[PDB]
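# Examination of the molecular architecture
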There are 4 protein chains.
Amino acid sequence: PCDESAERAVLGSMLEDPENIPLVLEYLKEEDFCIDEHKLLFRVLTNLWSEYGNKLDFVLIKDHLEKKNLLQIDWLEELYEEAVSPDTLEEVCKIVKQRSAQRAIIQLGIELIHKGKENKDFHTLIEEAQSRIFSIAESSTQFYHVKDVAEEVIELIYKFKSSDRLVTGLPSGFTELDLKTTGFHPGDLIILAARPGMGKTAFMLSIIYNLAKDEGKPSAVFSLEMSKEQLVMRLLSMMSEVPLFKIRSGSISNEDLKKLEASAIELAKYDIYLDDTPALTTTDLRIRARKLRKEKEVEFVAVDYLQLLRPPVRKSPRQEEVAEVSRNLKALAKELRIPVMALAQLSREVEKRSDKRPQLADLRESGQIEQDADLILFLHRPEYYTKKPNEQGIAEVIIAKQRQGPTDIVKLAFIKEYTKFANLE
Amino acid sequence: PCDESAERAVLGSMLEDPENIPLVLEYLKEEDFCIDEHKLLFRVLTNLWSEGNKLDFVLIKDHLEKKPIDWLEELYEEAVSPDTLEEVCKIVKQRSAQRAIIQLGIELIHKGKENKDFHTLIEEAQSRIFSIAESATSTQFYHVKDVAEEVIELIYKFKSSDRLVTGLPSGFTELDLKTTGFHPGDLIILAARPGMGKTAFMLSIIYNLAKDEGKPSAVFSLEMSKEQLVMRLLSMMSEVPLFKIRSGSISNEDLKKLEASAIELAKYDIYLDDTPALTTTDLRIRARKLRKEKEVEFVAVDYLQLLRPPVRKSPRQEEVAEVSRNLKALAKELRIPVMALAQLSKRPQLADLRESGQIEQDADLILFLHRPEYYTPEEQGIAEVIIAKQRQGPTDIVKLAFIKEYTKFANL
Amino acid sequence: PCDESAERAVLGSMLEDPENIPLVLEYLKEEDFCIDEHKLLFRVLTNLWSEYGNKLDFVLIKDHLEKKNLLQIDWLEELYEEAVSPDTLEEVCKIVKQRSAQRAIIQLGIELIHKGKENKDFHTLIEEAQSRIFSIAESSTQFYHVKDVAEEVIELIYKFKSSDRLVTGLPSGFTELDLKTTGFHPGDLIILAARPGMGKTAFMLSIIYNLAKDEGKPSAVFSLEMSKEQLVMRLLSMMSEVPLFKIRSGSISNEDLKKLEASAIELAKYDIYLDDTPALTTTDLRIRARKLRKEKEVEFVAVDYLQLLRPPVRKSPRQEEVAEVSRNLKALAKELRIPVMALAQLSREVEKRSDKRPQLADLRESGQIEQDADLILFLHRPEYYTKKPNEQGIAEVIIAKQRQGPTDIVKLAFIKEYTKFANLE
Amino acid sequence: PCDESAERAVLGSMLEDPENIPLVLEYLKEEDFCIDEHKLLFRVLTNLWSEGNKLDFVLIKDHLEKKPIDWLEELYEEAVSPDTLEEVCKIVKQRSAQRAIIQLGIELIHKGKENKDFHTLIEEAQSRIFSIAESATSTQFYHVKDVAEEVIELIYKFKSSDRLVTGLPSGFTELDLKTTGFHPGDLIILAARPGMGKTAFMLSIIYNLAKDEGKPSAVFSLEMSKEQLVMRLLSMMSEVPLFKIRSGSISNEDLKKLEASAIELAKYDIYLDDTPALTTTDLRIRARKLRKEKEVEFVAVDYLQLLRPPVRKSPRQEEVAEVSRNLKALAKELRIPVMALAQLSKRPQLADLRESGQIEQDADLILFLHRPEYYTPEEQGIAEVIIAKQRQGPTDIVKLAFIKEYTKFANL
Ligand SMILES: Nc1ncnc2c1ncn2[C@@H]1O[C@H](COP(=O)(O)OP(=O)(O)O)[C@@H](O)[C@H]1O
Ligand SMILES: Nc1ncnc2c1ncn2[C@@H]1O[C@H](COP(=O)(O)OP(=O)(O)O)[C@@H](O)[C@H]1O
Ligand SMILES: Nc1ncnc2c1ncn2[C@@H]1O[C@H](COP(=O)(O)OP(=O)(O)O)[C@@H](O)[C@H]1O
Ligand SMILES: Nc1ncnc2c1ncn2[C@@H]1O[C@H](COP(=O)(O)OP(=O)(O)O)[C@@H](O)[C@H]1O
Ligand SMILES: [Mg+2]
Ligand SMILES: [Mg+2]
Ligand SMILES: [Mg+2]
Ligand SMILES: [Mg+2]
Ligand SMILES: [Sr+2]
Ligand SMILES: [Sr+2]
């Protein structure tokens, strides 16, 4: 009817890292604990976290205990030992919650029988039972009346009205796309989806370069696909307009080198953070993105690419794993209050159709990703298909999903040599 | 917890006077009696009314001929005054109500004892608590006599009402004409290709419902944020295009319109929950509470494929079909119409929907949306609402106006 | 090697509700219990249930304990507390049985080694081992010789011979179908299967109406699809011949109302019980059907419809769940000793064939339902398909499975307006 | 538990006289000896018989040339009288039998210790107990010499028998002619579309088997009740149509015929189990006991798809194929022919059966039933039995008569 070993880890994980506390607070409340010992500890830490926030210590906790007189400590240290990982922490919180809910239900049953054996009004008992089951149901996210939501929406309209910006939110750097898309707003998820070799990795690089150079803003990229050196080397080729194949092959002119050196200096000026760790769990990416957001102030985060990410617990069907990863990414974007852009790859059936450009259906094949991506961009290169079209050297960016406006298409220039996207005229 | 003597006196009093029996029949029924012998005598006495009204001891014998005469005569000796009787009838009912509660208590303990996801346990616990609260009896079967009378009263109400529609109106006159309306306990499915304006059509329905019918509604938006959704509706009301809103391109004339729309919308009662992925069980639990607390007469879910079952099924279609069944069960339980939106992979037809996991079989009403201008020609400003399935019978089509910029539906 | 917590619940569940005892008796025997304490309790209750049957109390049990002197009681009350649900009861009985069987096997092994170390005849030991494993195997349903079965069959033939009935068993109300089908016999499962909108819900209503009116017999319907009000409202339309669409729309003439009122009076005369609970588990339906059979005496039960029912434990493939539900329904029909009729829906592929009528294969698509349904009926409306056939207003009932006779087809009249089936001429 | 000296004397006695060795060879074999040295000397001595019959010490040396001579001479000194020898041979065998039992005991403990469904544990426990009981030795391998002699004896029995059929006859002469018959340890599959009379054909087989061959049979009827099935057979015997039986339409002349058929059927030994859904493991356990207790020489299962494996498999075909393998294993273990009926989704052919989960590969014999009148013409009263697969080789077809009303099969 209860599990202590579980509660032990919940309290312990809260002791070692304070940040863990809120996470537990979302999952649990003081009274899912069977032990009064634990309910007190849950209470004091819950209060302590708000007052001291992140910098909560063990000596500081001890001093607070002494002032209260609540304390009489080795046990606390033992609990600290018992600390468990964030993923396991979520797991043990869940099992604690289920036991608690089970206890609560059985208790209601016991009471109703007792009340029933005694003589009381039927209406009173059932209404209270309704209230009690409602309370158990509440213990999480609730319903919102339109009046409260309306007030926040109006405030958002005010901020848009009061802005001096041609494009609200972070600009992409590509004028026609940037105008019709209205930009990248804080807390939304953007999806750049294209077939392999369509230049989405390059497009990401163009975006982050344009952001750092023109807007003077820092960005972060998790590159699961290519190493940080390859990413930077490609970027230098984009800046200096020295062909990438020559750089990698090792054939360069002294004049070409000086151009590359200068490009390196200018790039060093810009603030850009790279993580090339090959396969990250959503939990891993979340942790890294959190701290990177705190230490460095990043207004944009790119993940390349989506399919390379994996859930903390693997499932058998592929689609559920993707859909889960997507759902987390959107959750992260909101949490960080910055735009998050995830890249995605398209399956073979895209090119089996006579149109040869991407469609919404092609993305579905990967899962129910679309449901919460606030903007969806496709990349297409007809040229990719063959030599012949006299068109070539051009690439088209399709705007499959917008919250603001209708479906539209934007044509831009793409130079295969330097792997650089540029505005047409 | 029942009394043989307290109710036993009810039977005696019924034997003595045949005018006593309708009085007890009003207060209590056969199920409330603890003893089979009392229930049986209660049964025959109630049935005695139809087919001699006042023969007080020889129809008793007559009933015995087709079916303890000394014993009932002993019961005859035990009887009480009519003022006495109402009191003892009340105590018989409460003891019966007591049993129902105790039974519920035992069941609730059992549920806790079982092994299920706690959400499931909470969901199943709510259903039993609500059913017993409504019925006052553990048993859910109803004799047709009781149902028939209630139906007749309902028929009176339908006749005496000025139609329009006996069910909840969409706000669109012609569609509302072909459909009886949205009745309590049925599932309505709005299915269309992406960008056909089904999300907007839902907003139009709930808005028209709130303003004209003064009725509360609930929307579960799995796709777009509660904030995102609301701006939409404000855009529909004030007729200011979303692109202008966001761009910062708007003017003061635009604003005040948006503010007024915000005030007007705040007047209406509409509840929103945006949870990115809901299980059907979560949704019923939440809708369960929302129906009790705020009394919402309509529920919209956007959209269907975003929902998932408590236990995952294979591969897809069965999982989606499972969701449909759950929503239907929700509509039945909450006794309100529930509308779920669905996405589709010339016009659209039923076959296209079947590829999506065969929802058509569990649905009481199916609506499609089609916008010929979206495919792109010929002069047009219109979008058509198709009815694939109606419990009544015929498939029919309703045109309506659609404004691309405001994403607003209107009667022609 | 054993589980007490399990045995605790088995005894407890028997204490609170006597009816639970036989269920346990089917699953378990006195000696699957590791505790002598439990074996005594199992023994006394097993004996007690037969003598007192359903009305077995706690004071009465205590008095019996005292007369025996077996008793010396708080523990018994604690056991009563420990009572578990019917579904869980089945689950814990299973785990008790497995431990018991495991113990039994290991014991045989121990003995054989002991016997082996000692000097005994090989033939004697192995034969006894064969006997012992046979006993474990027995502890459930056995083989029946044809001689015993023949005697019961002959008795059934006698009852058919000695009957004054044109149709033995419950009549359907439709003369041609009723004659060739020979009727609905006690303890068999009938399946009415048709595509959505083919009028099976209406056909059920016709059957139950005809039963109550003509034969003066009570019936029960579990309507998972439509509410009790909708079901009754439709039925009133069938009786009064007032079109259903007018009733629901609210357009009626005072003359039409009086007809409806009279129909309500006549319907109130008939005994029909309705349960509109939306999704029932097989366990739920079984419990309700049991008590409804005991309190009210119902000779017919209809379930509309099959796919809406669900097993106590959900499985991943759909077909296994259906097949399980079917299997339970047949088991219920036998148990209740009354005919049980379940309605089933047919998938899209029925109308993808040029014949456009249902076939046995169409039903298979839903699972191995057919294996035990004692009669299978299909409904077909060619008219449903289009206006044109000059035929219309007619519906055909196909007799796919019969135990008595060959495959046959019966044509009947169907009025779309009133949603009523009627005999043709 | 063996004795070096007790058996050691057996070896000595074999050294002394070459007429002693066939006496011990009759009682015991090489496996019964505890020591490798004894087994090896036993081996060479047994093989010494074929290729000098009576050289008592120099073939010993001869065997040593191609392969402890002082030691065996010590064994030579230890020997005993021929009456003595039979006794010590008996004790060697029993100690050996002892070991087999103890080994079985250890294994049985292990099985209990493992984690499986208890039915599985009981099934696996039975198989080991039966094999050791039959073999008297833990090991199941047999040298071909022993098998060859048994085969030869069997060949004698086949030759000296008046055929007809060396295997179990169906009752239908021409079919029985083309098939050797139903032999012990093989799987026969009767596959046909619904209503082709495969259930009836089975009843005809088991009836003809019981009446003429005086042999017991077992049927697992998963589809129809034991009562339902039996009436059928009574209908077949008395030639009274089922529709008349049930309708109450029958006459006294009909009855007595049914009663006589009931008496005649009661004379025959036939065992029925109707369990709606059986696992294959349950079926073997039950058939295991039924074969031992009542000694049934034939088993029929109606029908195949209704069976299910101990562990569920995906999606379907593999699950069904698994069932086939299990039944084959059952036929092998019980050493009797096992016949399973199957349903099919011009004539019917092997391809149609393969769609059903590829049973053809595990089956020793495959029979199809076809009734051209059922499809409906031309004058006809006949149904054909097709052989798709025979271990011998050729596919062939056998006509037979079929009476629609009695559902009865007969020779033309
Ligand atoms: N190292 C390289 N050398 C030469 N051309 C390249 C190189 N990398 C990419 N390209 C060209 O430019 C495009 C770059 O796209 P890429 O970076 O592969 O995006 P994605 O990750 O979507 O495949 C490719 O289509 C290819 O034609
Ligand atoms: N500013 C605009 N100009 C033109 N069309 C627009 C504008 N804003 C929205 N739309 C159109 O309105 C439609 C909204 O449909 P929506 O309700 O989102 O459909 P669904 O519910 O299927 O997602 C989109 O198809 C979009 O093309
Ligand atoms: N409320 C109604 N109003 C008008 N016609 C109806 C109504 N309900 C059913 N019908 C007609 O009569 C038939 C009733 O069948 P229905 O009750 O839907 O059985 P099922 O459950 O098999 O679909 C339908 O085919 C339809 O044409
Ligand atoms: N009274 C009857 N009149 C005509 N045909 C009948 C009668 N009774 C049974 N039959 C036929 O006999 C056949 C019985 O076949 P059956 O052994 O059940 O086949 P299966 O084993 O494939 O189920 C059915 O096809 C049925 O049509
Ligand atoms: Mg890439
Ligand atoms: Mg939408
Ligand atoms: Mg229906
Ligand atoms: Mg059959
Ligand atoms: Sr109290
Ligand atoms: Sr001993």
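As documented in the archive entry, the model was determined using X-ray crystallography at 3.301 Å resolution.

Per the PDB entry, chain B carries the name Replicative DNA helicase and comes from Aquifex aeolicus. For this entry, the PDB title field holds "Aquifex aeolicus replicative helicase (DnaB) complexed with ADP, at 3.3 resolution". Looking at the Catalytic activity (unreviewed entry) heading of the UniProt record, one finds this comment for chain B: "ATP + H2O = ADP + phosphate + H(+)". Here is the UniProt Sequence similarities (unreviewed entry) comment for chain B, exactly as written: "Belongs to the helicase family. DnaB subfamily."

The PDB entry lists chain A under the name Replicative DNA helicase, with Aquifex aeolicus given as the organism. UniProt, in the comment section headed Catalytic activity (unreviewed entry), describes chain A in these words: "ATP + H2O = ADP + phosphate + H(+)". Recorded under Sequence similarities (unreviewed entry), the UniProt text for chain A is reproduced unchanged: "Belongs to the helicase family. DnaB subfamily."

On the basis of which strands lie adjacent, the open sheet formed by 10 strands has the order β1(A)-β4(B)-β3(B)-β5(B)-β6(B)-β2(B)-β7(B)-β8(B)-β9(B)-β10(B) and mixed pairing. Single-partner strands in this sheet number two, and they are β1 (144-145) of chain A together with β10 (408-410) of chain B. For strand β3 (residues 217-221) of chain B and strand β4 (residues 270-273) of chain B, the ladder comprises four bridges, and the chain directions are parallel. From the neighbouring strand, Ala218 of chain B faces β4 of chain B, where its bridge partner is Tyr271 of chain B. Contacts between helix α10 (residues 198-212) of chain B and the sheet are confined to β2 (187-192), β3, β4, β5 (298-302), β6 (338-343), β7 (365-370), β8 (382-390), β9 (396-403) and β10 of chain B, with β6 of chain B contributing the most and set at about 165° to the helix.

Turning to the state of the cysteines, a few remarks are in order. All chains considered together, the criterion is met by two disulfides over all chains. There is a disulfide in this structure between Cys2 of chain A and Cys34 of chain A, and the S-S distance comes to 2.0 Å. Measuring the twist about the S-S bond at about 120°, one finds the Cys2 of chain A-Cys34 of chain A disulfide to be right-handed. Of the two residues, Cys2 of chain A is situated in the segment before α1 (4-16) and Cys34 of chain A in the loop between α2 (20-27) and α3 (36-52); the sequence distance between them amounts to 32 residues. With a relative accessible area of 36%, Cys2 of chain A lands in the partly exposed category. Residue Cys34 of chain A is classed as partly exposed on the basis of its relative accessible area of 29%. No disulfide involves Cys89 of chain B; its sulfur sits 11 Å from that of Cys2 of chain B, the nearest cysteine. Since its relative accessible area comes to 0%, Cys89 of chain B is described here as buried.

Protein ligation of the magnesium ion (ligand 7) involves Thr201 of chain C (OG1), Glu225 of chain C (OE) and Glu225 of chain C (OE), the donor distances falling in the range 2.0 to 2.4 Å. Taken together, the residues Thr201 of chain C in helix α10 (residues 200-214) and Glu225 of chain C in the loop between β3 (219-223) and α11 (228-240) connect sequence positions 24 residues apart.

Moving on, we come to the UniProt feature "binding site: ADP 2" (unreviewed entry) in chain A. Residue and element names in this part refer to chain A. UniProt tags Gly197, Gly199, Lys200, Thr201, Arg234 and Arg381 as "binding site: ADP 2" (unreviewed entry). When residues no more than four places from it in sequence are discounted, the contact partners of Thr201 are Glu225, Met226, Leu231, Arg234, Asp304 and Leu343. For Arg234, the position within the fold is in helix α11 (residues 228-240). For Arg234, a relative accessible area of 15% translates into the label buried. Among residues more than four places away in sequence, those in contact with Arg234 are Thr201, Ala202, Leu205, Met226, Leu244, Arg248, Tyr418 and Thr419.

A separate point is the interface of chain B and chain A. Facing 77 residues of chain B, the contacting portion of chain A comprises 58 residues. For the chain B and chain A pair, buried surface summed over both sides reaches about 6,000 Å², with 67% attributable to carbon and sulfur atoms. Taken together, chain B and chain A are joined by four salt bridges. Among the salt bridges present, the one from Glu320 of chain A reaches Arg312 of chain B, with a minimum N-O distance of 3.2 Å. Counting across the interface, chain B meets chain A through 14 residue pairs in polar contact. Of all elements in the fold, only α6 (82-113), α7 (118-135), α11 (226-238), α12 (242-247), α13 (252-267), β4 and α14 (280-293) of chain B reach the threshold of two or more residues within the side of chain B that touches chain A. Considering each element in turn, the side of chain B that touches chain A owes the most residues, 13 residues, to α6 of chain B. Tallied by class, residues from the side of chain B that touches chain A come to 44 nonpolar, 11 polar and 22 charged. With two bridges connecting them, β1 of chain A and β4 of chain B associate as antiparallel partners. Bridging across to β4 of chain B, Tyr144 of chain A finds its partner in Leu272 of chain B.

Calculation notes
- Within each chain the numbering goes from 1 in written sequence order, not necessarily matching the entry, and residues lacking coordinates are not shown.
- Throughout, the order in which chains and ligands are written sets their labels, letters from A for the former and numbers from 1 for the latter.
- In this view the chains form part of a larger assembly, and all numbers refer to the visible part.
- Computation of side-chain values covers all heavy atoms of the structure but excludes hydrogens and water.
- UniProt positions are given in the numbering used here, feature names are shortened, and annotations may be inferred rather than shown by experiment.
- The pairing criterion for strands is at least two bridges between them, as found by DSSP.
- A run of H or I in DSSP becomes a helix once it reaches four residues, and a run of E becomes a strand once it reaches two; helices and strands are each numbered from the N terminus.
- Residues count as neighbours in contact if any of their non-hydrogen atoms are within 4.5 Å of one another.
- What counts as an axis is a line fitted to C-alpha atoms, over the stretch in contact for a helix, and the angles between N-to-C directions run from 0 to 180 degrees.
- A pair of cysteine sulfur atoms is labelled a disulfide when the two atoms are within 2.5 Å.
- Type-normalised accessible area, obtained with a 1.4 Å probe on protein chains alone, sets the label of each residue: buried when under 20%, exposed when over 50%, and partly exposed for intermediate values.
- Coordinating donors are taken as N, O and S atoms within 2.8 Å of the metal, stretched to 3.2 Å for Na, K and Ca; because water is absent from the atoms, sites can appear incomplete.
- Here the buried area means the combined drop in accessible surface, using a 1.4 Å probe, for two parts upon being joined, counting both sides.
- One speaks of a salt bridge when a side-chain nitrogen belonging to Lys or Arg is within 4 Å of a carboxyl oxygen belonging to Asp or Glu.
- Nitrogen and oxygen atoms within 3.5 Å of one another constitute a polar contact, given that in protein one can donate a hydrogen and the other can accept it, and given that sequence-neighbouring residues count only through two side-chain atoms.
- Basically, the charged four are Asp, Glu, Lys and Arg, the nonpolar ten are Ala, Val, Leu, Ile, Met, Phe, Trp, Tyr, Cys and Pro, and anything else, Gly included, counts as polar.

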